[PDB]
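> got an experimental structure here, sequence first:
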Amino acid sequence: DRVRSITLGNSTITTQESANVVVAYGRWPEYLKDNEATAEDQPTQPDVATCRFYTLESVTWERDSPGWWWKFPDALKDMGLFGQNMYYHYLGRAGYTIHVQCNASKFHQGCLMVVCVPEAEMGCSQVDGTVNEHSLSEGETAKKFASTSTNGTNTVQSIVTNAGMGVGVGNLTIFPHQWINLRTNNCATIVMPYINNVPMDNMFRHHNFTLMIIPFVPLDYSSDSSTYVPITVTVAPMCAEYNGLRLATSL
Amino acid sequence: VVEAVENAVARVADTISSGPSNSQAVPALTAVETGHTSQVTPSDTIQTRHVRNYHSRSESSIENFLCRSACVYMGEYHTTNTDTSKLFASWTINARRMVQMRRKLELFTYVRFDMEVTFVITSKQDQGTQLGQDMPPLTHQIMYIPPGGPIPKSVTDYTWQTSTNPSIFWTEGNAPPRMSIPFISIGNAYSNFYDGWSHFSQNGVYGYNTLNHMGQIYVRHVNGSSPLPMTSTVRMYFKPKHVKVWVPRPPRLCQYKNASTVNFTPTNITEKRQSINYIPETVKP
Amino acid sequence: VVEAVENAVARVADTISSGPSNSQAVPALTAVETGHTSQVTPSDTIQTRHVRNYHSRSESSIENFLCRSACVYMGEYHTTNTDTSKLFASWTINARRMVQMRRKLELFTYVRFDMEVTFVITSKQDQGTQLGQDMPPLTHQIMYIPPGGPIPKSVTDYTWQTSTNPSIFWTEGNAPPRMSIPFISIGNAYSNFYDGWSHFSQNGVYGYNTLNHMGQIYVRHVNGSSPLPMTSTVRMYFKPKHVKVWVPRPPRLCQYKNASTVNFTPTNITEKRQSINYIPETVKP
Amino acid sequence: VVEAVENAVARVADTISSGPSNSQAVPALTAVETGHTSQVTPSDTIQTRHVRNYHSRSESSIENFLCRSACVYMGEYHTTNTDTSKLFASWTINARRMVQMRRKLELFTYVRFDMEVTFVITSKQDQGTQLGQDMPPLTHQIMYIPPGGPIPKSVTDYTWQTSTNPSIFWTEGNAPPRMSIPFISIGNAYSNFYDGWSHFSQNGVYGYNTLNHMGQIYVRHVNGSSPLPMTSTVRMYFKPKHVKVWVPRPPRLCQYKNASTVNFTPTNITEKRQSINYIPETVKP
Amino acid sequence: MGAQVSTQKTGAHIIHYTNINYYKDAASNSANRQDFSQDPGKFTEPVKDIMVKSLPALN
Amino acid sequence: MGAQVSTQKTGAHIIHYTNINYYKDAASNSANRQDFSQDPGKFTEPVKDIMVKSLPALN
Amino acid sequence: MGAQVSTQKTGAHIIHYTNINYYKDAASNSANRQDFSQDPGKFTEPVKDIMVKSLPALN
Amino acid sequence: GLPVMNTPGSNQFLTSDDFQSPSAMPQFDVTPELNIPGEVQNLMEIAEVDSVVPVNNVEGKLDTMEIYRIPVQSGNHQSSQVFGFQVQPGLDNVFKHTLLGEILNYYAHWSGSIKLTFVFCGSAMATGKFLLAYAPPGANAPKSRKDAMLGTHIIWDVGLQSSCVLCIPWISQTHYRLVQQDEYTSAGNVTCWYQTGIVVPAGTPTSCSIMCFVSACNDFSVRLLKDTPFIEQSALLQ
Amino acid sequence: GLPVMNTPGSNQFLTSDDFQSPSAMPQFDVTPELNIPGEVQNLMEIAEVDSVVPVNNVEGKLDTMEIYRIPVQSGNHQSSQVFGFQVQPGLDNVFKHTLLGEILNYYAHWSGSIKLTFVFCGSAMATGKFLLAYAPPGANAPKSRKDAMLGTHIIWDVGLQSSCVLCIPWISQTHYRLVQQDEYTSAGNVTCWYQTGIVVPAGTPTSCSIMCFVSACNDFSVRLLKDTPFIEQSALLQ
Amino acid sequence: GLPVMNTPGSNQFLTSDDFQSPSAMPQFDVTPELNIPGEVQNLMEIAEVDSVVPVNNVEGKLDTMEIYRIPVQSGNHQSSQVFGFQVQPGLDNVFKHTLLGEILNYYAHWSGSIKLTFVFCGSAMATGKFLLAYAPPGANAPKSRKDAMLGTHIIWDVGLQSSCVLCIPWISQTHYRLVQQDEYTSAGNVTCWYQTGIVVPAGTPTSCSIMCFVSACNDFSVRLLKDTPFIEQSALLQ
């Protein structure tokens, strides 16, 4: 009951200590139907060159770590043919499978929350100011939450308790989420469908959802146990569609 | 007796599942020269999953779009003055002086509906050096005069007998007055635009004022009192219902100039940006 | 003809009777790591009697929760001044300036509905040394201008012709004006949060102001009068109906700062107490 | 489609005809010690005629008893001052400050319903030596803030963006604003009385304020104007609907003291008369 | 079109009306003024053993 | 008594209401908010010969 | 005449009303206050494999 | 015309009325409805979702994650109480800003049962058992495990399943309680004690923490809508 | 008479109410209805009609027809990008004054798919192929054809049929987006590149232009009515 | 659009109207309904419950329990009257603050029969018989037992059953009487006299007391709602 296998394209993930799988709102990803479309040209569907697991770079979970976030898309814009299909079209559409891995021994302890937040609009550390995109995202590198109130210009207000959105961090369980409790499991898996108020959208302009990893119980260990404990993310697009082919944009 | 009436809910189309293709069907190739708009969906150009869509187009129907109250006129009148024409308010009926409702109505060429009319009346004291008096509640009269009826000359004119004209009497501190009006036009539908003249020699009056002719409104104080002067303001609100509209038009781009014409000052198509390729970067550390 | 429409009442679940147990079923042992919330009732952990529950969840449905009127804007305008821009009021339409309705709406990501709009207008006299005059009832005009229409420059501008814009005319002392608006958005549902930009280079304008674009409101006095100056205040009230909402969110904890952004000052999670065991004693002689 | 809905009329009982009697049945002898109230009618003690009674208990049902609007709050706010906290009004939501509605609600222990909310806003001129100016219509904003949201510090604070809070914008001279609210409580029914504490050590806060926690209301002028100062007053009206109540209580005898407690001053049971036999004589020539 | 027709409140010794619901939430509907049920025995006769009213209360 | 009963606007994933008409003129009735028909082909496809959308537009 | 008759909100332990629509647009109708559906499993049980609640969650 | 007579209530603006009104945009054609995931039909669907409770709300910790952790450790600490708080789901500082609390503060009356889930977040080699107890109103809060064992309680054994649920059942003399709870509608208290203690082998951290989640059962309901006291402004444009 | 009790909301004026009211003209006989062509029943019927997009909105061209033309030419220009813009159908200057944009600015929420049609208006002897690409939010906009080819795209071949449709499908985490789009509800970008280049014979003009039309699909819808910010006045009689 | 005409009553706020209104919280999910004991459906259910009448409301006793007791004793006291009062269930000081009186003061019109129950609270060895009489309006109140015996009366014998019911039947020329009773809608009077006297053995207290309860019958009803004159304030926050 704890072993699982997931195959997509030419990639496969195995796990021996999984809890279950979260399907965001009971809805699996699927293609756009004819009585819900507005764009008229025939779309392209690569179907194995884009729908496969891509791995980002890892972060180091330390004894005093506030947490991390990524923005999707724009974290996969340099990933193979998914990124190339993003650069040549005006409209795109895709669901995702997210898989977070972190293993440790039976003498370690700690607890992480893994949550996906749709339309996570963030605020600036200067209240009479506006944010820029570098402070929101660094591609495949993670942004870091902070330990206290932040200051200075152009940075995002990132104290963990408010999640940078002006809410209580303990209520983020309203979104699709799982937990990694080091004594129970070593991986989390979330299946996210396409969620928007329009049927397709431009993938450079709009961040569809933010992935947050926040430790509630810090990492602890004793005399000569291993000190280096990394966390790794792996994401696979599903039912990917593109419309509006023209010359390649340049950021 | 009870009668059950059924209401059909209307939702948008579902998207169907679609797979790879290699054939001679070219749904994405068209020709706009025909005047035809392409009926292509995402499932004709990409691979899609099946989605059951439950969204409804209920708030974009014409009735829900137009059935709200909007201000169309505001006016002032006194209880005591030295002009005797500022003791009552009067105006000709139309919907062309407040730009919001009138731009909303001008999305169509012809319209037909009944109306619900509401009035909001407020009073205030005129700035004098000596204040202090108790005044009884004020009463106001509103009279509608269809074209051809006699016109009041003062606030004591015999014409406020209102024997055949419909009037409203109201006193302050109560709910706002309200009444409904049917579709009153000598034509089969109202006309928002008229590209014609009034005289057969192709001159005279041009445009909208040729066709409306729907009477006037007069408002006065009934007390005839107040050694210390007061001032009232009346506001009128329209709300159309049981609507039908024909021949849609492009929305007004330029700002309005007056209530009679469609006159305008040339305006741009939009505001500018840096270059035809400019992109705002928002993913930065 | 009469049509009978049936209404299904929806009550909460009854609790069933339960007795002692000694087995391998462990309803109280779970694992929150899965993202699943336990569906256990009191009858799984203690001994219970049978109760027939008649309570209904009728006042917590979305429609009954959101279908009330709330103030969204207040503004002032004069009959006489030396500025000519203070003779009329104007503003851009949204629901972000009054914190109660806007916090209530932001419990969800997307919303779709029709609207009922009401206006409450009041007038008053400006403080002058010499008072005393009788003023006739005041009339007010409200005009809605959709994006692209011409903008008034004064209170005598031609644009108050309101040929195609919808307007309301109203006079003080009557019921407040009211009208209904359908669901007007170029998207399939309204958006309360937008984590994106306006320019394809990921810069420009961030967040909510990119997507709303729903026009403006202009309000003036119609009388054009009053040697002694007066001042009016207008208040606008929204009421949504025929509602649908998607993707719930955690409620706003920090206080709002401005109408454009989600900017905030860091706030605590709650207030303190003495210690993790502190109990207030209330049974004392 | 039409659906016929049937309404059962409910009238009081008829009195039946009765004649002389001599038996062992003793309907008039009872015992109040049991806690039981006697179900005897006139036909059990005297001789009666047959009467067909058509009276109905329709106006004493709970819904018709409670479904009327009552004032629950009144407050003031200025357009210009030297305090910057008197430029807007704010208060915590409850129904405990006006004694009529609150005594009516306290006939029961628990209540559950939806609400209809109405606002009545009026303005006036502040007493100055020099009067005389024309002011444009005033606009007002009402914002509801649920617990945890950011709090405005001034009338120009960013928090009036009202991105997620619901707000109402209104202008004077229109109908009063109105909106409906569903049943919003973390419990299964509202609680009018709470004989308990907030801290587990039986101390802290006692009584009603432990359980309500339903947010705040903020109101301001939108114009940001008026070199001559004005003053507005806002009044709020509640109307419950779709009601259910439980556990009736004896009506309040003593006068209320404050909005937090049930504190009282000892009062008499009634007023006096001359003696236990006193009769007023009314048949005199 | 989802219309309800029901009888009006009259006297004793043409009489029905029509309603349409306009909004998506039931908290927007008007009040339920025409439901008249009663159950007084809950407060006036809350005893375990039944009392006949022609018989003595005790003995 | 001439009562109309029809369904209310709800969501998806007791619900009807009653109306009576009080006045002699139909201009006094409330708005018709529950009629949802469409005919877009009048504006988007106003051509004499039918166009299949999988076939070329010309030739 | 297109009248809808439906039941009123009452208690538990003559009761219907009539509605007529007066306007041509459905956005003019009154709110839908009498629709009470629920689907909580969308937020509380969004898992791929079913969990019985008398069985252990794991193993 | 037809003779009529106006009744009281004419020309008033009640903010919770339900009438028809004319449309300002006749025959407007709305955008078709799309089937977006995650549609909400009742506010009680949100209150049935677990959210984390800030049990450790003492001075110096109101803005750190330490506000969410309950501390436990190994050794002889049986005489020490683990935690305790009152049952006031919309009034107490412990419950007022959670999902359930935030929903209740829009209402005046509530009723139903309440679920508390506890999760142990120590090492895989630590063992222990705890006693979780709920006492009804009428007495002071218990001062020892012997007093607390007399009310409604459960004994939690830490093992492969990490979570244990304490269900607080609706025991009240009235059908509804006030959200603004007073002494008349009090609901009781909850306390935790060591049933045996925590035992660990060598090479493991001694201190551990527990977390607590709150949610509502399927017999829960609220009524009497009101405005919330958590949001406020001092002027427009906020 | 009958006993009654007034509730909150009495004697208020709500501008979106729906009630009955007495007629000021009893038994008035209206003009018969005529069957005029072109009746509109929903505002979504207007938004499904194509309208021309002003893609070239740069300084000096805001009041000329040049604002509608996209320039292309022959020769080696593969490294140059043709055009690019954000997907903000009611916010961006590129889309806000079109038919679809004008309808959306009366509403707060939108949802559905969007159609963009491109027409080549060169000589009959010119040949070429283009790549039209849409990228979802999450990254910066592509800077080369290799990056753009990784998203949703189509390759347009110029021939006897003059028009090609790029359909932007609804890919979003929420059911609706805001008309006033922020960073949370962003939707992505569109870009165009030379797939091969333009080839012409002698005797033909070298430069050509492309035009772009926008419209909505059959799954599109809007909600939450509001006033538009495009029209305004400073006094009555305007 | 559709032609319409506004009638009188437009834009007014009537505090007893019944309209529809838009929701400020679309699709809010309410807490489920719980089955709490003791649900009330009509105010007449409360008025059918007995409550104690303060018959002895004379100077010096308005704040003691002595206000509820009617005194009786042994010996020759036949010429003395026991008690007497008018039948004004919402007006007289004797009835105005009881349950029935408190409910009636919210209304203007009442109709129906009224039950008075009398309980003897002496020793088990005391015996006696009383005459309870109701006289209709039209004459002055009786001054002796011979006059009182001519109206509607009952003879109460004290024994193992402790309680006797005098039922006042509805005898009126109009269908309803005013709650604020005047001379036109008067209802009569009630008086009590010794039929034989009280007899006790040695060793028993001589003085005894009687108590009186009031309630409404099953043909009772009220109408014409109004505000009550028993509650008042001089400023807000009370």
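Cool, the structure landed. Numbers count the residues shown, from 1 in each chain, chains lettered A, B, ... in the order given.
> what about stretch A:103-122 and chain I, touching?
Yes - Stretch A:103-122 lies within reach of chain I by CB under 8 Å from any CB of the partner chain, at A:116, A:118-122. (C-beta placed from N, C-alpha, C; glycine too.)
> list phi and psi for the residue in chain H positioned nearest to chain A.
The minimum distance from chain H to chain A, using CB to the nearest CB, falls at residue H:52 (3.5 Å). Main-chain torsions, residue H:52, degrees, to the nearest 10: phi -80, psi 140.
> mind listing the strands for the chain?
Assuming you mean chain A. Applying DSSP state E to chain A gives strands spanning A:4-8, A:11-15, A:22-23, A:54-55, A:59-60, A:68-72, A:91-101, A:109-118, A:143-144, A:177-181, A:187-192, A:209-220, A:230-243.
> could you do chain E instead?
Under DSSP E, chain E gives strands at E:4-7, E:16-19.
> for residue B:60, find the nearest of the ones you listed.
strand E:16-19 (24.3 Å; CB to CB).
> center of chain A - which residue?
residue A:211 (3.5 Å; CA atoms, centre = their mean).
> give me the number of residues near the spatially closest residue to it that is not a sequence neighbour?
Nearest non-adjacent residue to residue A:211, counting by CB to CB, 6 or more residues apart in numbering or on different chains: residue A:70, 4.7 Å away. The number of residues packed near residue A:70 is 25, by other CB atoms under 10 Å in any protein chain shown.
> tell me the residue of chain B that sits nearest chain G?
For chain B, CB to the nearest CB, closest residue to chain G: residue B:63, 0.5 Å.
> wait, that residue sits on residue F:37?
No - between residue B:63 and residue F:37 there is no contact under CB atoms under 8 Å: 11.1 Å.
> higher neighbour count, the two?
Each of residue B:63 and residue F:37 has its neighbours counted (other CB under 10 Å); residue B:63 has more, 39 against 11.
> secondary structure element for that one?
Following DSSP states H and E, one finds residue B:63 within helix B:62-66.
> wait, what's in contact with the residue nearest to residue A:211?
For residue A:70, the contacting residues are A:56, A:137, A:142-143, A:210-211, A:233, by CB atoms under 8 Å, 6 or more residues apart in numbering or on different chains.
> that older thread, chain center to the helix holding residue B:63, what's the gap?
Centroid separation between helix B:62-66 and its chain, computed with CA atoms, centre = their mean, to the nearest Å, is 11 Å.
> elements contacting that helix?
Helix B:62-66 is packed against strand B:230-248, strand C:178-181, with contacts defined by 3 or more CB pairs under 8 Å, 6 or more residues apart in numbering or on different chains; DSSP states H and E.
> number of nearby residues for residue 83?
Defaulting to chain A. Neighbour tally, residue A:83, other CB under 10 Å: 25.
> meant chain H, my bad for not saying
Residue H:83: 21 surrounding residues under other CB under 10 Å.
> now the one 4 residues further on
Other residues near residue H:87 come to 24 when the count uses other CB under 10 Å.
> what parts of chain E come near chain B?
E:1-7, E:16, E:18, E:20.
> and with 7 Å instead?
Residues of chain E found near chain B (CB under 7 Å from any CB of the partner chain) are E:1-3, E:5-6, E:16.
> just curious, which of those is nearest to residue H:99?
For these, the nearest to residue H:99 is residue E:2 (34.7 Å; CB to CB).
> for the closest residue to chain H within chain E, give me its contacts.
In chain E, no residue comes nearer to chain H than residue E:30, which is 4.5 Å away by CB to the nearest CB. Applying CB atoms under 7 Å, 6 or more residues apart in numbering or on different chains to residue E:30 gives the contacts H:18, J:18-20.
> same list (those residues) but as JSON lines, adding secondary structure, neighbour count and distance to residue B:147.
Shown next, in JSON lines, are these (DSSP: H, G, I helix; E, B strand; the rest coil; neighbours: other CB atoms under 10 Å in any protein chain shown; distance: CB to CB, whole Å):
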{"residue": "H:18", "secondary structure": "strand", "neighbour count": "37", "distance to residue B:147": "38"}
{"residue": "J:18", "secondary structure": "coil", "neighbour count": "22", "distance to residue B:147": "39"}
{"residue": "J:19", "secondary structure": "coil", "neighbour count": "27", "distance to residue B:147": "35"}
{"residue": "J:20", "secondary structure": "strand", "neighbour count": "40", "distance to residue B:147": "37"}
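> hmm, which two among those residues are most spread apart?
For those, with distances taken as CB to CB, the pair at the greatest spread is J:18 and J:20 (9.0 Å).
> for chain H, which segments count as helices?
Here chain H has its helices, by DSSP state H, at H:44-47, H:99-104, H:145-148.
> residue numbers of the stretch 51-200 of chain A in contact with chain C?
So the stretch 51-200 of chain A meets chain C at A:118-121, A:123-124, A:127, A:130-131, A:133, A:149, A:157, A:159, A:161-162, A:165-168, A:171-172, A:174, A:177-179, A:181, A:184-185, A:195, A:197-198 (CB under 7 Å from any CB).
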